[PDB]
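# Structural overview for review
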Amino acid sequence: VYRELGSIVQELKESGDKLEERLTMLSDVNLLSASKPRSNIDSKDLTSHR
Amino acid sequence: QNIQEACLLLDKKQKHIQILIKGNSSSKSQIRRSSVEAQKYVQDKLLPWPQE
């Protein structure tokens, strides 16, 4: 009984960890919709600087 | 000779009775220990799982 419950807890834990990882990824600011273009030209935008 | 042998036979039966008596007293203690071990396993290892 102890081995069986142990397996169920592990499966739930692995699923829980994977979900947290995905949520963290989806909350990345660069992925989030059309923030109003930045008013300042990004240092990485070489064309606008030129 | 028979009396001696049978005296020795009685000695053997008595020595065995002593061993059995000692053996049965030890078994009684072991059963008590096994009962405590099983209860301790349920309390320490199984009862905490529902919370996890």
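Everything that follows concerns the structure shown earlier in this document.
Here's a quick rundown of the structure. (Residues numbered from 1 in each chain as written, not as in the entry; some residues may be left out. Chains lettered and ligands numbered in written order. Part of a larger assembly, values for the part shown. Heavy atoms only, no water.)

## What about the interface of chain B and chain A?
Contacts between the two partners involve five residues from chain B and, on the opposite side, five residues from chain A. Across the chain B/chain A interface, buried area totals approximately 500 Å², and carbon plus sulfur atoms make up 83% of it. Here the residues of the side of chain B that touches chain A sort into three nonpolar, no polar and two charged. (Contact = heavy atoms within 4.5 Å. Buried area = accessible area lost by both parts, 1.4 Å probe. Nonpolar A, V, L, I, M, F, W, Y, C, P; charged D, E, K, R; others polar.)

## Here we look at a nonpolar patch on the surface
All names here are of chain A. A contiguous nonpolar patch, built from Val-1, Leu-5, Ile-8 and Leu-12 and spanning about 400 Å² of accessible area, is present on the exposed surface. On the secondary structure map, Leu-12 appears in helix α1 (residues 2-26). For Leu-12, a relative accessible area of 60% translates into the label exposed. (Patch = residues over 30% accessible without salt bridge, like charges linked within 9 Å, V, L, I, M, F, W, Y side chains within 5 Å. Areas by Shrake-Rupley, 256 points an atom, 1.4 Å probe, with all protein chains shown as cover. Salt bridge = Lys/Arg side-chain N within 4 Å of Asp/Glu carboxyl O. Helix = DSSP H or I, 4+ residues; strand = E, 2+ residues; numbered from the N terminus. Buried < 20%, exposed > 50% of the residue type's maximum accessible area, 1.4 Å probe, protein only.)

## So, helix α1 (residues 2-46) of chain B
Compared with the 66 Å implied by 1.5 Å per residue over 45 residues, the 63 Å span of α1(B) between its first and last C-alpha is a close match. Where burial is concerned, little of α1(B) is hidden: zero out of the 45 residues are buried. (Expected span 1.5 Å × (residues − 1).)

## Considerations on the packing of aromatic side chains
This structure, assessed with the given rule, holds two aromatic pairs over all chains. Summarising the aromatic geometry, the rings of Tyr2(A) and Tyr41(B) are spaced 6.5 Å apart at their centres and angled 65° between planes, so their arrangement reads as edge-to-face. Taken together, the positions of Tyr2(A) in helix α1 and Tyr41(B) in helix α1 put the pair across two chains. Its relative accessible area of 32% is what places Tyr2(A) among the partly exposed residues. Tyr41(B) sits in the partly exposed class, given a relative accessible area of 43%. Relative to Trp49(B), the ring of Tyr2(A) has its centre 5.5 Å away and its plane inclined at 75°; by these criteria the two rings are edge-to-face. Within this pair, whereas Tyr2(A) is found in helix α1, its partner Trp49(B) is found in the segment after α1, the two belonging to separate chains. (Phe/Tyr/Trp six-rings, centres within 6.5 Å; stacked < 30°, edge-to-face > 60°.)

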